[PDB]
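Take a look at this single chain, the form deposited in one PDB entry, given in structure tokens.
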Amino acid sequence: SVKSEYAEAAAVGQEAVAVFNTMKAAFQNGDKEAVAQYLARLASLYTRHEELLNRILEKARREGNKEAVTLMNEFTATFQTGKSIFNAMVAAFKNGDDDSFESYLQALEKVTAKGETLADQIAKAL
């Protein structure tokens, strides 16, 4: 159902959380090779997480679940902000700008957190 599809999206979000936390540690340690690999893995997880969210949103629209659609519209707007900042962080790493990278790392943590109270609401709505 849409709810098992939501359990998969939740699991991918958690896989990104885990990889992001190992990537931040590697950045702090100066292990640039490792960071470059984690960033590739995160970019993929964004691609897969987005695909699941798109499929959840479309099923809610077709099902007429107005409250789920509202909440999913809001969350995917937050998620998109995350994507834009993630691209900025990748571009900072490419450029060798650790100052900007550190900042973007902090910003992305706030986007994830600011969307969590919505993520919990959607499930109760689906």
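Just so we're on the same page, rigid core means the largest C-alpha set that superposes within 1.5 Å between forms. The numbering used is simple: start at 1 and walk along the sequence shown.
Participant: Should the higher mean CA B-factor in the entry be assigned to 105 to 113 or to 19 to 27?
Facilitator: Between 105 to 113 and 19 to 27, it is 105 to 113.
Participant: Out of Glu74, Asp99, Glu50, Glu67, which one has a C-alpha B factor higher than all the others in the entry?
Facilitator: Largest recorded C-alpha B-factor: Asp99.
Participant: Consider only the C-alpha atoms of the modelled residues in this chain, order them by B-factor as the entry records it, and name the third containing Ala10: lowest, middle or highest.
Facilitator: Tercile = middle for this residue's CA B-factor.
What comes next is about the form deposited in another entry, which is not displayed.
Participant: Superposing the core, which one of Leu105, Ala25, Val19, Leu118 shows a C-alpha shift reaching 2 Å or more between the shown form and the other one?
Facilitator: Everything else stays below 2 Å; the exception is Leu118.
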